[PDB]
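In: how would this look folded up:
(6 chains, ligands or ions: 4)
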Amino acid sequence: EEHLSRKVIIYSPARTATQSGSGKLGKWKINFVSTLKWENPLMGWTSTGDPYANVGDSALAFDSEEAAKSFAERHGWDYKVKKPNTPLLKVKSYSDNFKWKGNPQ
Amino acid sequence: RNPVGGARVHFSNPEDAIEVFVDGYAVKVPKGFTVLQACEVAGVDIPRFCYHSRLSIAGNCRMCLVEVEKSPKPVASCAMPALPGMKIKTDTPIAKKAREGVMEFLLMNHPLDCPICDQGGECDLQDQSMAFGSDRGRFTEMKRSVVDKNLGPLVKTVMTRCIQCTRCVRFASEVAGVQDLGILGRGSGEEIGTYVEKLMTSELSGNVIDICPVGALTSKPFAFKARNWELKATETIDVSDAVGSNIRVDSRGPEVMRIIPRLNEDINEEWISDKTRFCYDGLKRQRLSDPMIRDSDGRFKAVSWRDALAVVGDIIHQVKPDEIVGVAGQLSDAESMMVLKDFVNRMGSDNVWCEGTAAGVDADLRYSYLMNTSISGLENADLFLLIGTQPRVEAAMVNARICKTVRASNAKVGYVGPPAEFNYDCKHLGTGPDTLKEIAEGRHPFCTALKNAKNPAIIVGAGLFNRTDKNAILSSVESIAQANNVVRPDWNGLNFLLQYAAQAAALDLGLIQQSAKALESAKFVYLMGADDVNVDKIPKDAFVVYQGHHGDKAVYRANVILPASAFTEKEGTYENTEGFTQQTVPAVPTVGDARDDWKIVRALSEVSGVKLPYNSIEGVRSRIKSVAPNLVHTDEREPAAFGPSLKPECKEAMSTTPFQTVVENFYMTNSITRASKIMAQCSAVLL
Amino acid sequence: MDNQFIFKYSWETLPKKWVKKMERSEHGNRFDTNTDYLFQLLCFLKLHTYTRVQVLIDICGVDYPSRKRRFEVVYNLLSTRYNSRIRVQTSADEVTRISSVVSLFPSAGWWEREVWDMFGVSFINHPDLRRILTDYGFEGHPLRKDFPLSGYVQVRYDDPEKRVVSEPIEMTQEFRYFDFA
Amino acid sequence: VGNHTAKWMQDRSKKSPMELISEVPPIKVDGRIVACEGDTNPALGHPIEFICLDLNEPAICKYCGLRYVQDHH
Amino acid sequence: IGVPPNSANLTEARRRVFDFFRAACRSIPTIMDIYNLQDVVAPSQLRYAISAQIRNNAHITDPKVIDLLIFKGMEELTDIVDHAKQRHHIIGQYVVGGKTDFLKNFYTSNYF
Amino acid sequence: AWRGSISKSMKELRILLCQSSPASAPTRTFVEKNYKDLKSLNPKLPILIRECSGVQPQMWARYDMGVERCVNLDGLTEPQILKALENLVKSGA
Ligand code: SF4
Ligand code: SF4
Ligand code: FES
Ligand SMILES: [Zn+2]
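Out: Numbers count the residues shown, from 1 in each chain, chains lettered A, B, ... in the order given. Ligands and ions are numbered 1, 2, ... in the order given. Sharing the structure here:
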């Protein structure tokens, strides 16, 4: 009812820039944009009242773009799809390091 | 099989392709690919340290060794070209043993620092030790040790962790264009350093943190603050300039902890500038939290939203419509600019413009204020002519693409403007419009260089837009563009470089300054985040309302302060200098009693008695569809349709005033960076 | 009676339309069946002389959000006569009722109530299907993957009303998700 | 006394740990390298850390804060 | 007594919908006594809320969904009568007994 | 003479079109043929030419107090689009 009209983002998380390994891609997430948190005035702990605080990152997951879209539409959420960026493999040669500079101009 | 990471492979021709076998399976790769790249197409992840796709091949870490049939030795796949009929094996006992032996050598002198090391938990060395070399350690001797080096306030150094991959050295020479890092000495005693005591001054210096596979180079402002497993990742865009670099924002609770690059091959290619990387600490300092109105004693007092809007709404109705002026800030999203433009127009005023040099330009044709070659298209250009523009401090990732093109394709660069420090070869042609007059008339080696150019590129800075002779200069440049066939159906080489994230969308929406002197005759000024406008030009009896998240001078002058959300707390639309539209994603909550900018202008309009036909951001984007529909079709690459031929001829004269620098301080350009500790330290020692 | 004999003998004797998938493994012999055949397959295995599966160890549900039929219902069964275990699984969705096996194994009664409580799968001919674990008036099915860990409501004593009442949850410190992948 | 310590230490009777480790004099070492374990029994200390002493300023163990210097040069 | 099979058609489903509505309405006096609502709300208001609930779901065309809604309604009703969780103006999930909405939401918070 | 008076009647004229669609072909022909003269006769009037991949051709005019009027340009020829300009200039302005 109340939590079924929130709008979500369906996306496939990119690769971390701090590591060269590509083993965390291919997954599709549903982002609930839970951005209502504050500090508890006793210990400084981070508080929330939003039930979808971490379920979008901890438990819910999808192996395909279609599966995430189907799940969102069955529950009635308004979704926007962000297509992932992919690298373009280009021709690289080690011999390029020693390319001739040509005749002196 | 899906290529690793979903990587795309482009084929110039199906005839120019070869067949290799990766673990029996058959893959087809372009001619010239390496064994490692063939393995990625096969979907096999080879371990690596010294190899980086955006850097020259080094082949020194020896971690990418694989077995090749009829090859007597293990083969470094990162450097070995792929050949037809090649049989590549990656999981054989020879390849596995090679990986374990190399991983043993890597950890021999590595310090037991994982607990105190910031790379812990996101470390390639940790993950590859767990996977490939599962050796019980047998090294019992004394480890070597290295002293730490000082590289400035951004890059913290723990050099005992360095594995001598030389990624940092190669990045400094090839990408940053500032040759400060080297590898000194010989043998196991070789050390990465600058030899003499010097700080890393390049504006792309912070990228060495991302490329260092171990914790040898880390972010000093982020030191020890968090572990990677406790950070929420948000994929969004940067608003520090008009480039729209793709970024990942890491947050823990209601707080941004760091900003790291996101891959976007068309814009920034997994690099960002130091302003993008280290401005985040200003997001929690000097935030406007509550609506404030100045008291009887001329002091701000906090109030509720209802009282603040009532005051603004009451007093706006006591001035003539022509005396109302609205100025949009450089970090304004397209939605808030549209609501601002509607509100001011519905009050009977036409004085709405975006702060900056491009305040009153002709926005009729979209080619006239965008980089029509596109950022990725600059790599095909064989000549660059820069007029009134310092891309190094104006658009750092655009300057990066030029340097990469000059280094790779040996392109030539002509520069017309005030003297500057470039990180690439550039002839200084002159300083002002006299050199444009000479370039138009020919009889110059660069002029025949410009003619002998197959794909030349002209880049004209938005800073020249605020000059009195802007139309004379624009006509002179557009005449040069025609004379050398710069603009053709296969090559659009005319470019205009914008400086501000909001500038492209402001021009698309029609926020154009009609009256050049409407600010000095105004009694109601609405500064929507416009902290860089000269506030002493406003009459002392004018009612000024400042709406934003930070501020230094306009805050002092304002009679009412309306707290607004920042780019990390809202879903706003931004268009970059090449016409590409993108939207930010909320990462953290908004501080205090702040609100979204489009919400504040719609709320004020309702209080002021004007009924705008929308109550939500979807109804604002429907409204935008009637004005600038490209800003609602997000992430869509679209060529121009009209060119300079439609422009009415100009006969204005030229001012001998030489071109002025636009960005005086690369680190002090917006209100977020002006509230940042790190940017202040960067201005102090890195400038 | 080893798992080699069960796999082979079940292939020869069972009607072919019942079983769509057969997995022989050291993790367990598994028979996947359509929902309309689950009751008959379980009655065959119980009564047949060469199987004598007399004990239903338990019934559990598994949630697979990426599947068209998201729920998998798993029947772990045991033959004390032949000292062998068998796993019979079937798939279900949020609205399709499946057959109850209480008439075959009385122990299934509470387990099917737990499946209804935890996942929302309903069982035809179950004599008394109602929630068994959750609080009275509970909304949702906590074992579904989209159900939040801390739920939606919490209880407290309310002195003005002199009773314990339920209100929307407010967390002093949120669950911290540590993504270690 | 510093800002880092004032976030948690609300008692000024004793000195802060940062003050206390600053008063331990640097240890003279005959050589250019020293290994620090933080304890006489290595199993009760911290992971072994090898520290280079080529710089004039004393070298700090990154785990326990002990400082070391070259004895002769 | 046992859970019946899934309804074949919307006639079977509607017969079940009518049967449930009758049971829900016939328990209204019991509820009024348990929650002491004699001075709070009228019995017809209880009837209207039940018929409302049913009318909001008049666009469902799948008999399986209708059966699940009836089952959930039967479960909800049984808890209200047997295990009452008394709250003043609330029975189970039913509240018993010049500016637009935007400016009100704007005044409240930034999250709508 | 109405073409030299578009500045005193409206504050801004917007022309939305598609770059490649055939439905936008007449409007693109209109812009390429008329923009030069219109801008030369109205140097201070903003004429916003905004192209998008999938928009039906439209034409907008903004008057005082932010009142706007739109003309649907689908299924129209070049001279009739010119008339749609003139009626926008002469009526409601
Ligand atoms: S780089 Fe840091 S985290 Fe990685 S192995 Fe070395 S000490 Fe451990
Ligand atoms: S400092 Fe880092 S990037 Fe540079 S050589 Fe050492 S390990 Fe490689
Ligand atoms: S990755 Fe090929 S040798 Fe370092
Ligand atoms: Zn120590």
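In: residue contacts, the residue sitting nearest the centre point of chain A?
Out: Closest to where the C-alpha atoms of chain A average out (C-alpha atoms, centre = their mean) is residue A:13, at 2.6 Å. Residue A:13 makes contact with A:24, A:25, A:27, A:29, A:84, B:233, B:235 under the criterion C-beta atoms under 8 Å, 6 or more residues apart in numbering or on different chains. Just so you know, the C-beta spots here come from the backbone N, C-alpha and C atoms, and that holds for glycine as well.
In: what's the answer for residue B:247, then?
Out: Contacts of residue B:247 by C-beta under 8 Å, 6+ apart are B:235, B:236, B:237, B:238, B:259, B:260, B:261, B:262, B:272, B:276.
In: hmm, try it at 10 Å
Out: Contact analysis of residue B:247 by C-beta atoms under 10 Å, 6 or more residues apart in numbering or on different chains lists A:17, B:234-240, B:259-262, B:264, B:268, B:272, B:276-277, B:280, B:568, B:584.
In: same question for residue B:367.
Out: Counted by C-beta under 10 Å, 6+ apart, residue B:367 has contacts B:487, B:492, B:494-496, B:579, B:639-644, B:646-647, F:49.
In: of all these, which comes closest to residue B:384?
Out: residue B:495 (9.6 Å; C-beta to C-beta).
In: can whatever helix or strand that closest one lives in be found next to chain F?
Out: Assigned by DSSP states H and E, residue B:495 falls within strand B:494-497. No - Strand B:494-497 stays clear of chain F (C-beta under 10 Å from any C-beta of the partner chain), getting no nearer than 16.1 Å.
In: just how off-centre is whatever helix or strand comes next after that strand within its chain?
Out: Next along the chain after strand B:494-497, taking DSSP H and E as the criterion, comes helix B:503-509. Taking C-alpha atoms, centre = their mean, to the nearest Å, the mean C-alpha location of helix B:503-509 is offset from the chain mean by 18 Å.
In: next one: the helix or strand just after helix B:503-509 to chain centre, how far?
Out: Heading C-terminal from helix B:503-509, the first helix or strand you meet, by DSSP H and E, is strand B:524-528. From the chain centre to the centre of strand B:524-528 is a distance of 29 Å (C-alpha atoms, centre = their mean).
In: so the closest residue to residue B:442 other than its chain neighbours is in which element?
Out: Distances taken as C-beta to C-beta, 6 or more residues apart in numbering or on different chains place residue B:448 nearest to residue B:442, at 7.7 Å, with adjacent residues excluded. Assigned by DSSP H and E, residue B:448 belongs to helix B:445-451.
In: tell me which other helices or strands that helix touches.
Out: strand B:383-387, strand B:412-416, strand B:427-430, helix B:433-441, strand B:456-461, helix B:470-483 (3 or more C-beta pairs under 10 Å, 6 or more residues apart in numbering or on different chains; DSSP states H and E).
In: would a markdown table of the ones you listed with distance to ligand 2 and mean neighbour count be doable?
Out: Listed next are the helices and strands packed on helix B:445-451 as a markdown table, based on distance: least, C-beta to the nearest ligand atom, whole Å; neighbours: other C-beta atoms under 10 Å in any protein chain shown:
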| stretch | distance to ligand 2 | mean neighbour count |
| --- | --- | --- |
| strand B:383-387 | 30 | 25 |
| strand B:412-416 | 29 | 22 |
| strand B:427-430 | 33 | 18 |
| helix B:433-441 | 42 | 18 |
| strand B:456-461 | 32 | 26 |
| helix B:470-483 | 42 | 19 |
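In: now these in TSV, with distance to residue B:589?
Out: Formatted as TSV, the helices and strands packed on helix B:445-451 follow (distance: least, C-beta to C-beta, whole Å):
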stretch	distance to residue B:589
strand B:383-387	42
strand B:412-416	45
strand B:427-430	50
helix B:433-441	50
strand B:456-461	37
helix B:470-483	43
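In: ok, which of these comes nearest chain E?
Out: Nearest to chain E, of all the helices and strands packed on helix B:445-451, is strand B:456-461, at 37.0 Å by C-beta to the nearest C-beta.
In: buried sites along whichever helix in chain A runs longest?
Out: As assigned by DSSP state H, the longest helix anywhere in chain A is helix A:65-75. Within helix A:65-75, the residues that count as buried by 16 or more other C-beta atoms under 10 Å in any protein chain shown are A:67, A:68, A:69, A:71, A:72.
In: format the CA atom coordinates belonging to the strand holding residue B:495 as PDB.
Out: This file holds the C-alpha atoms of strand B:494-497, laid out as PDB (Å, rounded to 0.1, in the frame of the first residue of the first chain):
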ATOM      1  CA  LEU B 494      33.800  23.400 -34.400                       C
ATOM      2  CA  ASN B 495      33.700  23.300 -30.600                       C
ATOM      3  CA  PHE B 496      32.700  25.600 -27.800                       C
ATOM      4  CA  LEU B 497      33.900  24.600 -24.300                       C
END
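In: packing partners for that strand?
Out: Judged by 3+ C-beta pairs under 10 Å, 6+ apart, strand B:494-497 is in contact with strand B:383-387, helix B:396-409, strand B:456-461, helix B:470-483.
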